Amino acid sequence: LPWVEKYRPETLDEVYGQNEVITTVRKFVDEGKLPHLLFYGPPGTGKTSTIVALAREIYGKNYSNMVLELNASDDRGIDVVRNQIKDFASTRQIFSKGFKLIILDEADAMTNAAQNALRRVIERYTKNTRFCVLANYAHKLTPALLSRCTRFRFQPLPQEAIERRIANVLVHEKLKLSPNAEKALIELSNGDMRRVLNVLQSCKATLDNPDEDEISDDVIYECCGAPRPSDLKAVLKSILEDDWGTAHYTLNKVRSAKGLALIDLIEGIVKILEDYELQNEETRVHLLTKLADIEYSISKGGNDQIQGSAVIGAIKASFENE
Amino acid sequence: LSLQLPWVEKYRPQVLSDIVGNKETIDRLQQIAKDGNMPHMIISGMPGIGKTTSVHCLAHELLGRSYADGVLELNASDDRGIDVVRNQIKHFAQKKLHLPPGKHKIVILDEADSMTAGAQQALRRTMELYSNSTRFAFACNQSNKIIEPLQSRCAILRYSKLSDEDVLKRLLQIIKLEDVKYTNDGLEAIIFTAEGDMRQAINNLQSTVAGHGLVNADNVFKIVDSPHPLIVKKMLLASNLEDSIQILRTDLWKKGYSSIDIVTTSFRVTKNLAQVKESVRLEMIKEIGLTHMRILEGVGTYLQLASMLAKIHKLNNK
Amino acid sequence: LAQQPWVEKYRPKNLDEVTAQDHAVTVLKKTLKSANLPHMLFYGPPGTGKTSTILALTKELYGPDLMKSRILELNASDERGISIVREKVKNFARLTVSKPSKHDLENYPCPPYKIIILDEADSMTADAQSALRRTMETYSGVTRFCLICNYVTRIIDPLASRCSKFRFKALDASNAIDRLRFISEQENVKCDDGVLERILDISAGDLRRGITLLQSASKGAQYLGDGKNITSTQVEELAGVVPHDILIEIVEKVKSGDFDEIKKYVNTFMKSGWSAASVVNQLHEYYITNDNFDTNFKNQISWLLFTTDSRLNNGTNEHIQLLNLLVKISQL
Amino acid sequence: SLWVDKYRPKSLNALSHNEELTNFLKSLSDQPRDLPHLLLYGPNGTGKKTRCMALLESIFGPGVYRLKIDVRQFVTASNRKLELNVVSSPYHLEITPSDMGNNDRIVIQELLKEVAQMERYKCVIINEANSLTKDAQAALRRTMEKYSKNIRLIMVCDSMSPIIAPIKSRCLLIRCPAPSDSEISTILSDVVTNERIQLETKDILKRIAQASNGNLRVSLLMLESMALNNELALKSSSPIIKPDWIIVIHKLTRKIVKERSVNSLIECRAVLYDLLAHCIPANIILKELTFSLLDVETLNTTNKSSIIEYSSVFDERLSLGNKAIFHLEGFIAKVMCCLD
Amino acid sequence: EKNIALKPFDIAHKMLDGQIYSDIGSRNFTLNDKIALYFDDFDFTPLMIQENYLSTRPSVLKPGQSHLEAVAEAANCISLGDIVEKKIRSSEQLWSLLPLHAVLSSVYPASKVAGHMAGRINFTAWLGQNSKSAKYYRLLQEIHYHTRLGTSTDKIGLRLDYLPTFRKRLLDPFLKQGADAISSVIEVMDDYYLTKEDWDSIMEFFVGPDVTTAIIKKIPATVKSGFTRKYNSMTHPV
Ligand SMILES: Nc1nc2c(ncn2[C@@H]2O[C@H](COP(=O)(O)OP(=O)(O)O)[C@@H](O)[C@H]2O)c(=O)[nH]1
Ligand SMILES: Nc1ncnc2c1ncn2[C@@H]1O[C@H](COP(=O)(O)OP(=O)(O)O)[C@@H](O)[C@H]1O
């Protein structure tokens, strides 16, 4: 069984904070002003727990009759899910008078046409059905769907909470994790507990002895398929200190042998260059502008070797200002 | 448990007089309702401004009781197919329904510009065949994409984005009807967040009333999911590029705000920076829009935001 | 006749025939020894043997007769989009698994799952890769996915975590030239000295492109009479590579710096039909790797070449872009 | 008919320039069964289409020139009903899918599938292959892989850069350089001897060849126009005749160089509006204006460098825009500022 | 009713006024007001700004800056706005970029060339020119379809290269030979399946010194009558 389903926050106690959303939705229900809700944010913040707690509070024993739980990423099809929604809306019960709640997890995975059809369905059944939409990013949804849904943002979990959850998972699964590996995993996941759990499970599976072996940072980076900071630092050092031929050879060799895309290399180098102490602002201005231009040109295609040499030249030229 | 009636749905306009913006178009629609005999019309404008709502209000005024079955709304880009929606339109047109002599059945089509050649010709033929009892209203974003034969038969109405004054008037009316306690800065913040989006403004007002009760700037910004305008203003007006990048990293990128929200809030804030000369504001807006276009093309990285900040800082120091 | 591309014709049949990928082959053999085959992620420089190795592993797993029925090969880049690829995968998985015969069972393990191979998986978008991960999770019982890509970092973490990753080292120049020489001798291709080296240089070490270019050159040699040897000029013509003499003339015209002379030369160059993009690429290769230019000149010329390449990628007039690029370099 | 069309070579033996390419085509026609897919690239008006037709005549016979034109109707998605002009012969087809805009991929797929099903093989000639969309090129690669038994594609383009690598790997790259001035002079001499045109000296043909910039079609049409104006007797003092749009563009260049002001910019806008409305492409206008500006002898190196830089910038902007007059006026204004 | 058509004129006149771009006028009429002015009739505002931004006398010129530099910067921004508009109105449907298009096409060039209107606000000529270009492209497509079997060229090549010689072979003989050249003209038309409608359409494609309206009008009516009578009196290939 996946570790994402396990250790999932089952009650509001497991949620670190965000009681404001619960209180606002409770007031909406009490005052009879409940709109179509949209909960978005990183996975693991407690959107599902919050909505199921609200549904249990509203309905109680008839949760299975008044709540329809759907997942838009099931990929069954637009017509089948539309039929499901319509038959759930049409199955009114006299002994269970009241609005019916529909929960759609991972709605951001839908195509634009599916989202427009969902918005039309929401408008059609708004008289007796209330829709709750769960997504990872609100900007991935169509503007038509966004306007009709009241937006609630779930802030990313604090680093201390993520570390506590990681420690709980480690002690539950008897896994030993190096502090460097833990820092790398936290940095790569970027406040997403699902990524943490998936990477930990995969690393445990790949271990020859999942009970008496410690996961290193190299294992984490290999599992995530991410550029190691050591390689990026070596490339940056070669660019900054060595001449043009050596820098070009080093960049090409590193990003071809290790399978690092030029855009990912640019992102890593920009991340590293943030901590650099620059005596001139023009250095940072030139670096940022030129690297953004190169990345945008990369997104449209173009010559790969020319773009790599452009990156090298942009980094070299900016540092001429000290 | 009872019925749920959100403010955005309860206070949506029903009669024509409930619409705030587009004075000329609303006056034309009111005249059409007054003299009856609704001509075929094409309402065009940027999406999301509520073009279909105006014709819905016109249908409510014209028909009244018979609005339940005398009005059919459809989407031209329906996934069910153009043929099936055309068949539905034909079935509705052939449906017999008694009406007062001065009124006619109304068919509202959304995203009519998505229709291609042939389908538009068939719709024109259907409209001509049943013009005695059925009138057609087409809603589209680009009026030029509608074929000339359809445009000649219809009367063009142009719908524009609501101004801040209209949003303020609607919010004041809602507040008076709901005895909402508020401050001027709170309404200013709500109008600032919703750039002519009436539904977003009403939703934000409702959420602020529920969460805190008193509508002021702090509570509105706490409710609003966009980055806080003060943080964006500090990032933009910082005299040092390192300070701007640090503010970005700490307060916007690491707080889960997407790049789209960041650039939109930067665009909103730069427009209102009265301390800065308008030429510098226009240069900053140009850079912000360039990075917004880059983000919308699929880049959307943190490096683009850093470059935007670098260019803005370069502009500021002259 | 049984005409077949030389790339697919000379693919190694078994894992033991892979020359330089010792580490990946050893790890794959160890995995094959285990009764369970996890999802596989093949990454490395192009033309290293990723597809060859996965096909050899499939052959050793199934058998020559059963492997064709048990394999679906897709290219997520050349395909129309996500929907076509995912629907084809769904149809392949939903189809009943072919029953192995007695000979297949007694000669090969014949595992009860079918292998789906995706080529150029890194070119997929994030949404496409998430949909592919969902499809893999849905049908993980009976299908194992092998993703072939050049950059492992272009694959999202949720999809990459599900796959055991095998790294293919770039082929050594000696190994690639030996493979090309062996292919040429078997097909009786008369090649002059340095022709295979020129083919490898044009292909930038990509053995797939090198084999394709060698096959194309062999076809051209049949059309030309006298049965002469293939020469570097022919392969340069077939690959769309501007001759080095024209590049030297362009460099000298830039060095002289006369605007009118450069304009005249570019005007007379565009009449020969040579590609401007090839000229830009070769100028980049010449200038960047040249020891006669200092750091500042290369810093400026890298940005110049980048701007010219970005403008050429938008579908613009080659003459204007090339003239602007050559004029800008002459002012450095 | 016009001399450019009357004396067009109708066979591989009738070709007079680029002897190596003629020998290559003759060798190709000797083995029709194993004919590869071809991609011919080079400057405009160099004889690519003529060479393709000559190869088709060598393979199938003179019947390839018995051409009949028909319109094929295709029902696409959302019931868009399209018309494509297909020039056909009892042995081959000629299509220009770029005339359908972004709907080229579906037209190509439908028509190629129909041709393959209707079928040793039928050759399909695709004009302006470089302007095909990438989806259309992917569909072309799919049809090449699926229907290589019955379909042999002959793609003609002016530049091979927009062509995708998968297409290039499965096709034979043929480079067609523009003829030299001596070959153009020889062709024009043959034409004038056939038409019995008086020549004071052979240098007139050299001047015509130089003025055409290697474009054989342009040189032939210019020779015909000059002969008609001079009563079928060309003299050494006969001026070189240029098309109307080229004359207008040269006048615009002279006006821009002479006076740089806002009123001059307005009148340049009027001239550009006149040029664009009469089916003169924006890229052609920009290229001609730029190369006329660079030929002015009163401009120094800095002015010409600024002009070519602005030309590159606004050419990129033209390739990414909709309203061409905007970019053309921007380029002219920038040039006026740089000259002043 | 006419106020609807007058609205773009008023918007263009207000946006090109130099008073609202000074330091004092900016406070009274802020940037939000100008963007709102764009969003009123946003279909025509960029067109009107592009049409009328060369007819001003700039009062907002920076020291050391001439009128020509200001109009060059305005034209640069206008072309950028056109690119943004193309990206907006394509299949991508990026309607969130409307304020950016507003600034790039209407507000920034107006700020660059703001001043007193030296003349009158003229309606945009791009729509009529676009319609004319579409009509002539349809005519050229028809001519190319008719003459495709005789000419080895594309549509653009037919316009650029073949048409001058077709003019020399179809209209010039009438000027020097009168009605005696009708047979040769008809013979040339027959070789390319050119109808009399195609002959009329061909003469409309010429610009500058090659305009044929006055030349055709100067041709005697008897010559034209004989030409059309001889054309109608004989069968033609099709
Ligand atoms: N006499 C002669 N004329 C040629 C030769 N090659 C091309 N031409 C002429 O060049 C003109 C234009 O060639 P075209 O088919 O349009 O080539 P493309 O448009 O560049 O592909 C034709 O009308 C031919 O008359 C040749 O070898 N000999
Ligand atoms: N290690 C190797 N040993 C022998 N031949 C190889 C090796 N790697 C690649 N090749 C040659 O490359 C050709 C196909 O390359 P391919 O495996 O498709 O490249 P990629 O790694 O991009 O999939 C085959 O014909 C094969 O002969």
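Neighbour counts are summed over all protein chains in view; Cβ atoms, including those assigned to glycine, are modelled from backbone coordinates with ideal geometry. Please treat every number below as a calculation from the coordinates, not as lab data.
From the cross-link list D:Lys251/D:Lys304; C:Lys29/D:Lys134; D:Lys122/D:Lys242, which pairs have alpha carbons spaced over 29 Å apart? Mind showing how you got there, number by number?
Values: D:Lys251/D:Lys304 18 Å; C:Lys29/D:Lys134 40 Å; D:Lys122/D:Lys242 41 Å.
Among D:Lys251/D:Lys304; C:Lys29/D:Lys134; D:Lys122/D:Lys242, the Cα-Cα distance tops 29 Å for C:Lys29/D:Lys134; D:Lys122/D:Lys242.
Under DSSP H, which helices of chain E have Cα atoms covering 18 Å or more of the helix axis and a Kyte-Doolittle average no less than -0.5?
E:2-15, E:67-89
With no solvent and one point on each alpha carbon, what is the Debye value of log10 I(q)/I(0) for the range E:35-190 at q = 0.09, 0.10 Å⁻¹?
Values returned for q = 0.09, 0.10 Å⁻¹ are -0.53, -0.61.
Using a cut-off of 18 Å between alpha-carbon atoms, which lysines can reach A:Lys253, once sequence neighbours fewer than 8 places away in the same chain are excluded?
A:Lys233, A:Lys237, C:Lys169
Give, as a single signed number, the net charge of other residues whose beta carbon lies under 15 Å from the beta carbon of D:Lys168, with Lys and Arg counted +1 and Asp and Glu -1.
Within the 15 Å Cβ shell, the charges total +2.
Could you give the angle, 0 to 90 degrees to the nearest 10, between helix B:164-177's Cα long axis and the longest principal axis of the Cα atoms of chain B?
Tilt relative to chain B: about 80 degrees.
Sort out for me the Cα centre separation of the range B:252-277 from the range C:210-238, rounded to whole Å.
Using only Cα atoms to place each centre, the spacing works out to 60 Å.
Averaged over its residues, how many other protein chain Cβ atoms are within 10 Å of peptide B:286-293's Cβ atoms?
Working: counts 7, 0, 3, 10, 5, 2, 5, 11.
Mean partner-chain Cβ count within 10 Å for B:286-293: 5.
Calculate the length of the line joining the C-alpha centroid of the range B:23-80 to that of the range D:66-82, in whole Å.
38 Å
With a cap of 16 neighbouring Cβ atoms within 10 Å, and only residues DSSP puts in a loop, list the GluC sites (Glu not before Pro) found in the range D:198-242. Display every interim value, and only then the final one.
On the way: sites: D:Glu200, D:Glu224, D:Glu231; in loops: D:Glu200, D:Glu231.
Answer in residue order: D:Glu200, D:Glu231.
Need one number: nm distance between label points at E:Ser90 and B:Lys34, each 7 Å from Cα along Cα→Cβ, rounded to one decimal.
Result: 4.7 nm between the two label points.
Which of the residue pairs A:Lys33/A:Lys100; B:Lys277/E:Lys34; A:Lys174/C:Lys33; C:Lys59/C:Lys165; C:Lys219/D:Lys10; B:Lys161/B:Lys234 have a Cα-Cα distance greater than 23 Å in the structure shown? All intermediate terms of the calculation are to be shown ahead of the outcome.
Values: A:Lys33/A:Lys100 14 Å; B:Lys277/E:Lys34 15 Å; A:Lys174/C:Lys33 28 Å; C:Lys59/C:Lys165 20 Å; C:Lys219/D:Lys10 27 Å; B:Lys161/B:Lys234 29 Å.
In this structure, A:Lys174/C:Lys33; C:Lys219/D:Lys10; B:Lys161/B:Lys234 exceed 23 Å between Cα atoms.
Summing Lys, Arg as +1 and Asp, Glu as -1, what charge do residues with Cβ under 14 Å from the Cβ of D:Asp203 carry, D:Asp203 excluded? Don't jump to the answer; show the numbers that get you there.
Numbers: positive: D:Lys202, D:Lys206, D:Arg207, D:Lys235; negative: D:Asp181, D:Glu200.
In short, +2.
Can you list the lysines whose alpha carbon is less than 18 Å from that of C:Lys271, not counting same-chain residues fewer than 8 positions off?
Filter leaves C:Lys253, C:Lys263, D:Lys48, D:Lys49, D:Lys206, D:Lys287.
Tell me, how many Å apart are the Cα centres for the range D:135-213 and for the range E:199-238?
Going from one Cα centre to the other spans 34 Å.
Looking at the range E:92-238, how many pairs of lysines come closer than 23 Å at the Cα, when each pair is eight or more places apart or spans two chains?
25
Looking at the protein assembly as shown, what % of its DSSP beta bridges pair antiparallel, to the nearest 5? Before the final figure, lay out the partial values.
Numbers: 13 of 94 bridges.
Close to 15 percent.
Give me the net charge of E:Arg57's neighbourhood, meaning all other residues with Cβ under 14 Å from the Cβ of E:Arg57; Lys, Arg count +1, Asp, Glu -1. Could the numbers behind the result be given before it?
Working: positive: E:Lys112, E:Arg120; negative: E:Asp17.
Once all neighbours under 14 Å are counted, the net charge is +1.
Let me check I have the definition right: for the range D:1-111, take the eigenvalues of the Cα gyration tensor, multiply each by 5, take square roots. What are those semi-axes in whole Å, largest first? Show your work: numbers first, answer last.
Details: eigenvalues 177, 51, 41 Å².
Over the Cα atoms of the range D:1-111, the semi-axes work out to 30, 16, 14 Å.
Can you divide the C-alpha Rg of the range D:82-187 by 2.2 N^0.38 Å and report the result to two decimal places?
Numbers: Rg = 15.0 Å, N = 106, 2.2 N^0.38 = 12.9 Å.
Computed over Cα atoms of the range D:82-187, the ratio equals 1.16.
Using the Cα gyration tensor of chain D, with a ≥ b ≥ c the square roots of its eigenvalues, what is the shape: rounded (a/c below 1.5), prolate (a/b larger than b/c) or oblate (neither)? Don't jump to the answer; show the numbers that get you there.
Working: a/c = 2.19, a/b = 1.31, b/c = 1.68.
Note, shape of chain D comes out oblate.
I need the GluC sites (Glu not before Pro) found in the range D:244-335, filtered to DSSP loop residues with at most 16 other beta carbons within 10 Å of theirs. Display every interim value, and only then the final one.
Numbers: sites: D:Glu259, D:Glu267, D:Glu288, D:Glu297, D:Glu309, D:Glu316, D:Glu329; in loops: D:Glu259, D:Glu297.
When the GluC sites (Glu not before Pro) of the range D:244-335 are filtered for loop state and at most 16 Cβ neighbours within 10 Å, D:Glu259, D:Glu297 remain.
Give me A:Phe131, C:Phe182, A:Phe319, E:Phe42 ranked fewest to most by other Cβ atoms within 10 Å of their Cβ, as a rough exposure proxy. Please report the intermediate quantities before stating the final value.
Values: A:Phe131 25, C:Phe182 11, A:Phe319 17, E:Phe42 20.
In order of increasing Cβ crowding within 10 Å: C:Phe182, A:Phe319, E:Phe42, A:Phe131.
Please compute, for the alpha-carbon atoms of the range A:181-322, the extent along each of the three principal axes and give them in descending order in Å.
Here the spans come out as 52, 30, 29 Å, largest first.
I need the phi-derived Karplus couplings for the range B:20-29: 6.51 cos²θ - 1.76 cosθ + 1.60, θ = phi - 60°, integer Hz, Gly and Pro marked x.
Per residue, the Karplus-derived 3J(HN,Hα) values read 9, x, 6, 4, 5, 5, 5, 5, 4, 5 Hz.
Quick one: the Cα spread of the range D:278-331 along its three principal axes, in angstroms, biggest first?
Principal extents (Cα only, largest first): 33, 22, 13 Å.
Calculated from DSSP H runs of 4 or more alone, at -39500 (n - 2.57) each and per residue, what is the 222 nm mean residue ellipticity of chain D, nearest 500?
On the way: 14 runs with 177 residues, N = 340.
Rounded to the nearest 500, it is -16500 deg cm²/dmol.
Quick one: P(r) of the range B:3-162 from all Cα-Cα pairs, 5 Å bins, percents rounded to integers, in order of increasing distance.
1, 9, 19, 22, 21, 16, 9, 2, 1, 0
In chain B, once you exclude exposed GluC sites (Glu not before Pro) (DSSP loop, at most 16 other Cβ within 10 angstrom), what's the longest stretch remaining? Mind showing how you got there, number by number?
Working: sites that count: B:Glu178, B:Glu297.
That gives B:1-177 as the longest site-free run.
Between A:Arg8 and B:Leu177, what FRET efficiency comes out of the Förster formula 1/(1 + (r/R0)^6) with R0 = 51 Å and r the beta carbon distance, rounded to 0.05?
Details: r = 43 Å, r/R0 = 0.84.
Calculated transfer efficiency: 0.75.
Assuming a ≥ b ≥ c are the square roots of the Cα gyration tensor eigenvalues, decide whether the range E:58-125 counts as rounded (a/c under 1.5), prolate (otherwise, with a/b larger than b/c) or oblate.
Details: a/c = 2.80, a/b = 1.95, b/c = 1.44.
Verdict is prolate for the range E:58-125.
In percent, how large is the relative contact order of chain A, given Cα pairs closer than 8 Å and 6 or more residues apart? Walk me through the intermediate numbers first.
On the way: 345 pairs, mean separation 52.3, N = 322.
So the answer I get is 16 percent.
So if we plug the beta-carbon distance of D:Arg72 and A:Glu31 into 1/(1 + (r/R0)^6) with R0 = 45 Å, what FRET efficiency do we get, rounded to 0.05? Spell out each step's value before the answer.
Numbers: r = 65 Å, r/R0 = 1.44.
Rounded to the nearest 0.05, the efficiency is 0.10.
Relative contact order for chain C: what is it in percent, counting Cα pairs under 8 Å that are at least 6 residues apart?
Numbers: 394 pairs, mean separation 57.1, N = 332.
Once normalised by length, the contact order is 17 percent.
Evaluated at 25 °C with a viscosity of 0.890 mPa s, what Stokes-Einstein diffusion coefficient in µm²/s does the protein assembly as shown have when Rh comes from the Kirkwood expression over alpha-carbon pairs? All intermediate terms of the calculation are to be shown ahead of the outcome.
Working: Rh = 36.6 Å.
In µm²/s, the coefficient is 67.
Tell me, what is the percent relative contact order of chain B, built from C-alpha pairs under 8 Å that lie six or more residues apart?
Working: 391 pairs, mean separation 50.0, N = 318.
Relative contact order, chain B: 16 percent.
For a Förster distance of 45 Å, can you work out the FRET efficiency between the beta-carbons of B:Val15 and C:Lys169, rounded to the nearest 0.05?
Numbers: r = 75 Å, r/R0 = 1.66.
With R0 = 45 Å, the Cβ-Cβ based efficiency is 0.05.
Can you give the mean number of other chain Cβ atoms that lie within 10 Å of the Cβ atoms in peptide A:281-288?
On the way: counts 7, 3, 1, 7, 8, 2, 4, 13.
The shielding value for this peptide is 6.
In Å, what Rg and Dmax follow from the Cα atoms of the range B:123-247?
Cα-based Rg and Dmax for the range B:123-247 come out at 22.2, 70 Å.
Anything over 29 Å Cα to Cα? Flag those among A:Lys316/D:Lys334; A:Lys204/C:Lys13; C:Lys50/D:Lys168; A:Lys204/C:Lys50, in the order listed. Write down the numbers at each step before the final one.
Values: A:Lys316/D:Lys334 32 Å; A:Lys204/C:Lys13 34 Å; C:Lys50/D:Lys168 23 Å; A:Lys204/C:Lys50 26 Å.
Going by Cα-Cα distance, A:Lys316/D:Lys334; A:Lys204/C:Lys13 fall outside the 29 Å limit.
Counting residues in the range A:1-118 as N, plug N into 2.2 N^0.38 Å and put the Cα Rg over that result.
Values: Rg = 15.2 Å, N = 118, 2.2 N^0.38 = 13.5 Å.
Relative to the rule-of-thumb radius for its length, the range A:1-118 sits at 1.13.
Run down the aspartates and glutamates and flag those whose C-alpha is under 16 Å from the C-alpha of C:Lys328, throwing out any fewer than 8 positions away in its chain.
The reachable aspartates and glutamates, counting only those whose Cα sits under 16 Å from C:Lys328, are C:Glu252, C:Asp258, C:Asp260, C:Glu261, C:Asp309, C:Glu318, D:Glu309.
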